[PDB]
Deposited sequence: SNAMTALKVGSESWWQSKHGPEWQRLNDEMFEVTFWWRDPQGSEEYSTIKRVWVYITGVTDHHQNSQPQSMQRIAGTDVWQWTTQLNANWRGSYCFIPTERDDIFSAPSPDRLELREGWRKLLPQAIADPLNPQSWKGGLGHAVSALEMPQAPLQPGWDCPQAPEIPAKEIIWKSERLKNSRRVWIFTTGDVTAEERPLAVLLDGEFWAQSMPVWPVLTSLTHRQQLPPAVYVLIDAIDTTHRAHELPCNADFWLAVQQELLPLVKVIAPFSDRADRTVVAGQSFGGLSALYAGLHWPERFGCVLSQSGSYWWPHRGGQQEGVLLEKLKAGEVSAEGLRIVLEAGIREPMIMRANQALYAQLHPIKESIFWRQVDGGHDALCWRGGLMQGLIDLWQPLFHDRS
């Protein structure tokens, strides 16, 4: 234990079934500084998305930090560690202290170095994957298949938006188009290639054209994704025409899909409500329908505009998902779904297990694709 040979056997979190309902989970992190003798580190916080003031304890004399918890056998989520020299944060045995505490700590957050399923997702730091044995199946992800031909990455320099961004085109005639917001994530952090391939070879999905649009960065994303017509006009007038020349796709709206999570989810619906001629199928997960009111005591502007009949959602088929571990987001979505009582029949309302977490979304992204394209098989 602790000796370089002991660390060789470690591959991230280890769990042990303690129940039909529960597992006991242990986390290890190795201190690059050594024992408590030469180490700056006073805490190593385990930050579990949705679950979460609990620190690893060092095994004295060792460079081994360890922590043990319990997670129900159907839990899936992301987590990170925060090794730190602060021992004043979270020393006391409120909700406001927490957010301030974590605001102060999260910059030092790292992914689990021994867990290969890590990536750059979240606010601005690495996280790692934790799936329990009874966690819900995620179509495609449970059995990935690498493609023969790779996705084509281009630079889309926008005349109207006056910026450049990466775009990924991936195909799998008369093929449906699918636009995925936050494309850099689905192309690079959790590449969807092998997943869409698998599912296509299994006739869960139709041979299709996928366009993954780079959000560039948090600022651009925060301006371009929430209810911004210029972004979508640019997409339709500049980007889609360019994709047509590289990979021909169908011009039926009833099979053209826009897919996004949070701001992306908001944007997808936005694109649907306003340009149904182009976008007939809407995939929204954990949509940020509170926008722009952060407090959540006033309804999002999108909902307001529906209510006021300034925009309408017919000629649309919509998957609308939200998690229970994301209360504020769930409420916003429930209120939106409420307002949408009239097209209740063309909406797949899905209220899922997880939280505000890309590890969870990736499953519902695929399922939502299967759902919106199903009529193509009938």
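S.K.: Wait, which stretches of the deposited chain are just not there in the structure?
M.R.: Gaps in the modelled chain, taken against the deposited sequence, lie at 1-8, 61-67, 109-110, 190-194, 401-403.
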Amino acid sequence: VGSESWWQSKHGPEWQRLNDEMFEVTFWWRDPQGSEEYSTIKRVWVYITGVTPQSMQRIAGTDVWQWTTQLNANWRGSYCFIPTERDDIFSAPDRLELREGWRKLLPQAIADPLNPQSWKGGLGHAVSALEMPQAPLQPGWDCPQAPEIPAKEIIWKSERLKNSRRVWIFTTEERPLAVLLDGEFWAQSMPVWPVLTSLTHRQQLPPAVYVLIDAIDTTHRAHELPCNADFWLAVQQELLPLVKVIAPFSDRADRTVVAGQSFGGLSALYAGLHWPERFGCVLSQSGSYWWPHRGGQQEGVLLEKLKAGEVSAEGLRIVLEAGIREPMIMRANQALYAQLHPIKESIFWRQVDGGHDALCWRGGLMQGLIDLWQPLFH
From here on, numbers count along this sequence of modelled residues.
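S.K.: Is it true that at least a third of the other compared entries have no coordinates for residue 173?
M.R.: Other entries vs residue 173: at least a third skip it.
S.K.: Of the other PDB entries compared that resolve residues on either side of residue 287, does at least a third omit it?
M.R.: Per the records, residue 287 is modelled in all the other entries.
S.K.: Taking the recorded C-alpha temperature factors, which stretch has the higher mean, 347-355 or 42-50?
M.R.: Higher mean C-alpha B-factor: 347-355.
S.K.: Report the stretch with the higher mean CA temperature factor, choosing between 3-11 and 367-375 on the basis of the entry.
M.R.: Comparing 3-11 with 367-375, the higher average CA B-factor belongs to 3-11.
S.K.: Out of 238, 148, 182, 217, which one has a C-alpha B factor higher than all the others in the entry?
M.R.: That would be 148, according to the entry.
S.K.: Pick out which of 328, 320, 313, 56 has the highest C-alpha B-factor in the PDB entry.
M.R.: 313 has the highest C-alpha B-factor of those listed.
S.K.: Ranking every modelled residue in this chain by its Cα temperature factor as given in the entry, which third contains residue 91?
M.R.: Tercile = highest for this residue's CA B-factor.
S.K.: Would you mind ranking residue 206 by its C-alpha B-factor against the rest of the chain and naming the third, lowest, middle or highest?
M.R.: Middle third by C-alpha B-factor.
S.K.: Within this chain's modelled residues, let me know which third the CA B factor of residue 300 belongs to: lowest, middle or highest.
M.R.: For residue 300, the deposited C-alpha B-factor lands in the middle third.
S.K.: Please place residue 245 in the lowest, middle or highest third of its chain according to the CA B-factor in the PDB entry.
M.R.: For residue 245, whose C-alpha B-factor we compare with every modelled residue in the chain, the answer is the highest third.
S.K.: Considering every modelled residue of the chain and its Cα B-factor in the PDB entry, is residue 162 in the lowest, middle or highest third?
M.R.: As the PDB entry reports it, the C-alpha B-factor of residue 162 lands in the middle third of its chain.
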